[PDB]
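Structure, as structure tokens:
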Amino acid sequence: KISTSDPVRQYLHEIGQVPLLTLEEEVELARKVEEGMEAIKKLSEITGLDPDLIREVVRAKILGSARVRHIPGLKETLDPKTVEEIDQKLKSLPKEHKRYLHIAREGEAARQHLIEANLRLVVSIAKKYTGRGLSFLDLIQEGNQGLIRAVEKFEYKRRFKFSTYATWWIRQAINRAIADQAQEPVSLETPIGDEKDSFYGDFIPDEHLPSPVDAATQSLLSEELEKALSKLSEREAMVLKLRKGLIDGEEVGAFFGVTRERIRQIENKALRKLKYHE
Amino acid sequence: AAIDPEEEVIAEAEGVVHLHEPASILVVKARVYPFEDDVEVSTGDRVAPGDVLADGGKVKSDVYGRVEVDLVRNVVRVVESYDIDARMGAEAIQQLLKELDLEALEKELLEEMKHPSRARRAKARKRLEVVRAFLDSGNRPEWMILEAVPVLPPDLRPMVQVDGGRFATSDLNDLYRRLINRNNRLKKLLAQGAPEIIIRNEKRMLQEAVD
Amino acid sequence: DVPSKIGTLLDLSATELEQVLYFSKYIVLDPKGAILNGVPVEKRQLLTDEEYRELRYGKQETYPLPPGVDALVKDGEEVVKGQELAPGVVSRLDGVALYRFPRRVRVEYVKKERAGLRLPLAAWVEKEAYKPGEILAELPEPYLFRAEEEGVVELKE
């Protein structure tokens, strides 16, 4: 049925089942996660293997079974066959080192239990970006991306709690994706005039295919521009080169650090000599 | 051990360690399998009775379940489950379709059709139609679900400049962006670690936007 | 589409199974799902998140305690169907009681010492089968004999 309320009684059910004990469990899991982090690092040391690699082998073992397989640096490696090789390499490693495996396991599974508990927060966050130009579900999913992001960074040592730490990283994922994804272009099919049967593609003719003077012009343009750009002192050129043409619009803020007089001055004089060399 | 090295509960002269007040109480259905000497096989795995449970031979657990590892009481609980191949959404059905013998289902339906008495075999007839359809000069039913989506060319769903700073868009492109969005966020949701209900929510979104 | 092309084909509740599981998280057993429920492996059949969680997770349960009470945490080992856990804390979910998150903890230091006394000689009044709580000497009318020594009066509760 209608997925308005489905992923809500999805979320609020296991958050109903796990609304974290504000301190107790909350931190219980954070600690476990760091325990995993370091267990993993020392395991990298003992095995000569990659930290994120061990990380992912653990992850694969916990979730039961998965394709998974994406990592920084590389992108793959044989999954069902090989992962167990890594597990039995964990089985050789005596009590002393085995311990780190047991703990890392508990850690990563705690990490997931944590996110699962903290999702209703994402819900209530994304609730205040409703009519922004993204779907509520799109909003929330970006939020959850932000909360996972928060989990990977969080240092429980410094006493402040995850609720308000995560708040930020969620707001960041949301306002991040909002800029990209979200008077706009009007749809191609609308009743025009007498609202009978006309679609607004009906009414518009064709002009030109080649749309020329684009590639060739830019080709001459940027090159010559750059030629004279280079032929005068780079301070002056570059100033309103990038001030006017690599971010935004400012003369008040223009100077790195000289007089408004001097920017004004050398700007103008630079242009002058640039246009007509004597 | 607590946060600050400042006053943590350091051990005094020998003391038997009892506990009074829990915050809550767990009632998991599980088997308690202590181990004393040597190590084991860590939290999470499947068992029934497996191979090498605890101490490296002595202990082996009978009942089917999921492994936990207790570092305090050096015990392992074994909760009720095993690799229970349970799937949700289209992936599951892709599988279902791939494992189907339409020849077999044909004969099965033949019998299902004629032999049961009337008021029933109507739907077996209608079902037979589609099976025959497939096994006729027809194709294999596993393509009935998608994992590759063709994109329509662009000029058939074009983009243009009307009256100045307005543009106009074939409605199909906003749906195609909807689906690029969802599918990509899915990929990076698998990359950036994978809590189930969230990935499902995304997968559901994905279905929704293909539809 | 009217005859649900896939829902008719696959042995399906030719409508609601598919609607249900495609869009939602609902499930059907892929190949072998060995375990228990009130029937064995259900090769083709479907279920809710409740029963499914009751298979991926097992059968966990939370029982809350007002900041003060605690009956049987020491039973961090056993529990039955419908067990008393505290004053107003039942538990029908039958499994194994487990200590969650503690507060109070008892350290017993167990101080040793050594002391003297004086008995009815001929009367058997010393067994090694006696530990604490146990009998020492019985029924001599009376005792008042010489505890040879003297000093300052000191008594412990």
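Every residue, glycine as well, gets a Cβ built from its backbone with ideal geometry; the counts of neighbours run over all protein chains shown. All of this is worked out from the model, or read from it or from the source named; these are not laboratory values.
Looking at the structure I just gave you, is residue B:170 more than 35 Å from the chain's Cα centre (by Cα), small (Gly, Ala, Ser) and loosely packed, with under 14 Cβ neighbours inside 10 Å?
Details: more than 35 Å from the chain's Cα centre (by Cα): yes; small (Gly, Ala, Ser): yes; loosely packed, with under 14 Cβ neighbours inside 10 Å: no.
Here the answer is no, as residue B:170 does not meet what is asked.
Kindly indicate whether residue B:84 is assigned to a loop (DSSP other than H, G, I, E, B), under 30 Å from residue B:200 (Cα atoms) and aliphatic (A, V, I, L, M).
Judged against the criteria, residue B:84 is a match.
Could you list, in sequence order, all residues of segment B:51-68 that are of a type outside the set (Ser, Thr, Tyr) and in contact with a strand residue (DSSP E or B) (Cβ under 8 Å, 6 or more places away or on another chain)?
Selection gives B:53, B:54, B:59, B:60, B:63, B:65, B:66, B:67, B:68.
Of all residues in segment C:37-74, how many are in a loop (DSSP other than H, G, I, E, B) and within 7 Å of chain B (Cβ to nearest Cβ)? Can you show your working first?
Looking only at segment C:37-74, we keep the residues that are in a loop (DSSP other than H, G, I, E, B), and these are C:37-45, C:48, C:57-61, C:65-72.
Cutting the leftovers down to within 7 Å of chain B (Cβ to nearest Cβ) gives us C:58-61, C:65, C:70.
Of the residues in segment C:37-74, 6 are in a loop (DSSP other than H, G, I, E, B) and within 7 Å of chain B (Cβ to nearest Cβ).
For segment C:108-147, what are the residues that are within 45 Å of the chain's Cα centre (by Cα) and of a type in the set (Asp, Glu)?
C:108, C:113, C:126, C:128, C:134, C:138
What pairs can you find where one residue is in segment B:73-96 and closer than 23 Å to residue C:94 by Cα, the other is assigned to a helix (DSSP H, G or I), and their Cβ atoms are less than 8 Å apart, with a gap of 6+ or different chains?
Matching pairs, first to second residue: B:80/C:55; B:81/C:55; B:81/C:56; B:84/C:55; B:84/C:56.
Given the options B:133, B:104, B:124, name the one that is part of a helix (DSSP H, G or I), closer than 30 Å to residue C:55 by Cβ and among the small types (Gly, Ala, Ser). I'd like the intermediate steps shown before the answer.
Details: B:133 fails: closer than 30 Å to residue C:55 by Cβ; B:124 fails: closer than 30 Å to residue C:55 by Cβ.
None of the others qualify; the one that does is B:104.
Of all residues in segment C:113-157, how many are assigned to a loop (DSSP other than H, G, I, E, B) and closer than 30 Å to residue B:16 by Cα?
Count: 18.
Determine whether residue A:90 is surrounded by 14 or more Cβ atoms within 10 Å (Cβ to Cβ), under 26 Å from residue A:154 (Cα atoms) and assigned by CATH to the domain that holds residue A:140.
Working: surrounded by 14 or more Cβ atoms within 10 Å (Cβ to Cβ): yes; under 26 Å from residue A:154 (Cα atoms): no; assigned by CATH to the domain that holds residue A:140: yes.
Criteria not met by residue A:90.
Quick test for you: out of A:40, A:15, pick the one residue that is in contact with a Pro (Cβ under 8 Å, 6 or more places away or on another chain), crowded, with 18+ Cβ neighbours inside 10 Å and more than 9 Å from chain B (Cβ to nearest Cβ).
Selected residue: A:40, the only one of A:40, A:15 that is in contact with a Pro (Cβ under 8 Å, 6 or more places away or on another chain), crowded, with 18+ Cβ neighbours inside 10 Å and more than 9 Å from chain B (Cβ to nearest Cβ).
What about residue C:34, is it within 7 Å of chain B (Cβ to nearest Cβ), out of contact with any helix residue (DSSP H, G or I) (no Cβ under 9 Å at 6 or more places or on another chain) and either surrounded by 14 or more Cβ atoms within 10 Å (Cβ to Cβ) or not in a loop (DSSP other than H, G, I, E, B) (or both)? Quick ask: steps written out before the conclusion?
Details: within 7 Å of chain B (Cβ to nearest Cβ): yes; out of contact with any helix residue (DSSP H, G or I) (no Cβ under 9 Å at 6 or more places or on another chain): yes; either surrounded by 14 or more Cβ atoms within 10 Å (Cβ to Cβ) or not in a loop (DSSP other than H, G, I, E, B) (or both): yes.
So residue C:34 fits the description; yes.
Return a yes/no flag: does segment B:77-95 have any residue that is in contact with a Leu (Cβ under 8 Å, 6 or more places away or on another chain), among the acidic types (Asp, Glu) and either surrounded by fewer than 16 Cβ atoms within 10 Å (Cβ to Cβ) or at positive phi (or both).
no
Among the residues of segment A:204-212, is any closer than 30 Å to residue B:175 by Cα, surrounded by 12 or more Cβ atoms within 10 Å (Cβ to Cβ) and touching a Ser or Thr at 6+ places or on another chain (Cβ under 6 Å)? Even if it seems obvious, please write down each step before you answer.
First, pick out the residues of segment A:204-212 that are closer than 30 Å to residue B:175 by Cα: A:204-211.
So of that shortlist, the ones also surrounded by 12 or more Cβ atoms within 10 Å (Cβ to Cβ) come out as A:204.
Okay, now just the ones that are also touching a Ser or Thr at 6+ places or on another chain (Cβ under 6 Å), so none.
There is no residue in segment A:204-212 that is closer than 30 Å to residue B:175 by Cα, surrounded by 12 or more Cβ atoms within 10 Å (Cβ to Cβ) and touching a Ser or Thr at 6+ places or on another chain (Cβ under 6 Å).
Sort through A:142, A:152, A:207 and tell me the only one that's within 30 Å of residue B:156 (Cα to Cα) and at the interface with another protein chain (Cβ under 10 Å from one of its Cβ atoms).
Sole residue among the options that is within 30 Å of residue B:156 (Cα to Cα) and at the interface with another protein chain (Cβ under 10 Å from one of its Cβ atoms): A:207.
Of everything in segment A:115-149, what is within 17 Å of the chain's Cα centre (by Cα), closer than 14 Å to residue A:169 by Cβ and of a type outside the set (A, V, I, L, M)? Give them in sequence order.
Within segment A:115-149, A:142, A:143, A:144, A:145, A:146, A:149 meet the criteria.
To keep it simple, each residue is scored yes or no on (1) within 10 Å of another protein chain (Cβ to nearest Cβ); (2) closer than 28 Å to residue B:55 by Cα; (3) hydrophobic (A, V, I, L, M, F, W, C).
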position	(1), (2), (3)
A:47	no, yes, no
A:75	yes, no, no
A:80	no, yes, no
A:84	no, yes, no
A:127	no, no, no
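Condition test on residue C:110, is it of a type outside the set (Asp, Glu), within 8 Å of chain B (Cβ to nearest Cβ), surrounded by fewer than 11 Cβ atoms within 10 Å (Cβ to Cβ) and closer than 27 Å to residue B:15 by Cα? Let's see the steps before the verdict.
Working: of a type outside the set (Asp, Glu): yes; within 8 Å of chain B (Cβ to nearest Cβ): yes; surrounded by fewer than 11 Cβ atoms within 10 Å (Cβ to Cβ): yes; closer than 27 Å to residue B:15 by Cα: yes.
When the stated conditions are applied, residue C:110 passes them.
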